[PDB]
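Heavy atoms only: backbone and side chains are in, while hydrogens, waters and symmetry mates are out. In this chain, residues are counted from 1 in sequence order. We count ligands from 1, going down the list as the structure has it; atoms in each ligand are counted the same way.
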Amino acid sequence: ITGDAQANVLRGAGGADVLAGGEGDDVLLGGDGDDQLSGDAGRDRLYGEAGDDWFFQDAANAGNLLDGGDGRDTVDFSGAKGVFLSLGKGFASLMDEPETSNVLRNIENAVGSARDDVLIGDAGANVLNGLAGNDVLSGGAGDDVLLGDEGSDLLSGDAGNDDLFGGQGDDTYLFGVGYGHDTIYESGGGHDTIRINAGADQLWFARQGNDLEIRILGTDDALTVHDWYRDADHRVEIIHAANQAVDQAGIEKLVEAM
Ligand SMILES: [Ca+2]
Ligand SMILES: [Ca+2]
Ligand SMILES: [Ca+2]
Ligand SMILES: [Ca+2]
Ligand SMILES: [Ca+2]
Ligand SMILES: [Ca+2]
Ligand SMILES: [Ca+2]
Ligand SMILES: [Ca+2]
Ligand SMILES: [Ca+2]
Ligand SMILES: [Ca+2]
Ligand SMILES: [Ca+2]
Ligand SMILES: [Ca+2]
Ligand SMILES: [Ca+2]
Ligand SMILES: [Ca+2]
Ligand SMILES: [Ca+2]
């Protein structure tokens with residue numbers, strides 16, 4: 001269902017619909033099912049309604065409302081500067097241009113751009129995908145999946161039990177007291193980093209299968225590095241404990257000491 005240069009009202013039904021507003025200020029109502037909505041140019045109002053809907057939005061096109069409705073909905077800015085978005089506060093704006101903004105409501109997941117983005121989740125379960133560029137990803141509460149992809153990314157799952165995929169490039173992972181049970185999955189990078197804001201002597205390092213497990217004594221908090229021992233591509237090269245740094249040789253010492 002494709003609009004034209006007029007201000008259109010386009011309404012899908014119960015199936016998986018593809019709605020595109022074209023030019024002008026459109027209203028798109030996806031109905032039930034897993035819809036794909038694009039406002040295109042103009043200032044558009046975009047309602048995914050029930051189902052797991054997808055929104056294709058240019059971060060530089062300001063003045064739209066993207067409303068996922070019920071279900072697990074994704075906003076995608078990947079179709080130049082990056083995007084700053086917050087699912088908790090409910091906005092997305094052009095990096096380097098806060099006045100160029102869009103309203104986000106009822107959206108659970110976000111895909112960024114090939115440029116440097118900042119993607120912030122909310123207290124629910126979120127998937128945040130930075131794609132290329134040097135991105136900052138913050139999960140907030142709830143159980144999140146963060147994908148840094150290519151580039152030098154900063155990942156923090158925050159509270160809840162999070163999966164952190166830094167991707168290729170030199171990635172930094174944040175962890176601390178109250179961060180729950182997080183797992184890191186590394187694919188590549190000669191200088192990945194973990195920064196743990198625990199007191200260093202709260203930390204307990206252990207090998208569990210082929211994983212490295214880092215616990216904070218006194219808490220239920222644990223950071224697992226998946227397949228650490230299986231291959232060098234899955235390792236992080238520096239671990240910081242508060243203001244103290246440890247290398248792989250140093251980590252293995254701590255493990256062996258137990
Ligand atoms: Ca139109
Ligand atoms: Ca539909
Ligand atoms: Ca829908
Ligand atoms: Ca638009
Ligand atoms: Ca439009
Ligand atoms: Ca929806
Ligand atoms: Ca939703
Ligand atoms: Ca990016
Ligand atoms: Ca990235
Ligand atoms: Ca979250
Ligand atoms: Ca989280
Ligand atoms: Ca990366
Ligand atoms: Ca990496
Ligand atoms: Ca966490
Ligand atoms: Ca590495």
- Among the N, O or S atoms that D171 has, which is closest to the Ca ion (ligand 13)? OD2

- Task: Please confirm whether the backbone N or O of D73 pairs with a side-chain atom of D53, one donor and one acceptor, at under 3.5 Å?
- Result: no

- Is a side-chain N or O of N61 found less than 3.5 angstrom from the main chain of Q57, in a donor-acceptor match? no

- Query: With a cut-off of 3.0 Å, which protein N/O/S atoms are close to the Ca ion (ligand 7), if we only count those under it?
  - Reply: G69 O, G71 O, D73 OD2, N106 O, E108 OE1, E108 OE2

- What residue among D247, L212, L254 forms side-chain contact (heavy atoms from CB on, under 4.5 Å) with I239? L212

- Verify, without hydrogens or angle tests, whether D44 (side chain) and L46 (backbone) share a donor-acceptor contact under 3.5 angstrom. no

- Query: Is the distance from the Ca ion (ligand 13) to some N, O or S atom of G167 under 3.0 Å?
  - Reply: yes

- Task: Mind checking the CD-CD spacing from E237 to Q248? Nearest 0.5 Å is all I need.
- Result: 5.5 Å

- Message: Return the CZ to CG distance between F175 and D162, rounded to the nearest 0.5 Å.
- Response: 9.0 Å

- Note on the structure: Partner of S138 under side-chain contact (heavy atoms from CB on, under 4.5 Å), picked from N126, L174, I120, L119, is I120

- Item | Value rounded to 0.5 Å, distance of CZ in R235 from CG in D227 | 10.5 Å

- Task: Describe, in one word, how the ring planes of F165 and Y185 are oriented to each other, choosing from parallel (under 30°), tilted (30 to 60°) and perpendicular (over 60°).
- Result: parallel

- Task: Could you tell me whether a side-chain N or O of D34 sits under 3.5 Å from a main-chain N or O of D52, the two making a donor and an acceptor?
- Result: yes

- Note on the structure: Near the Ca ion (ligand 15), meaning under 3.0 Å, the protein N/O/S atoms are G189 O, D192 OD2, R235 O, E237 OE1, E237 OE2

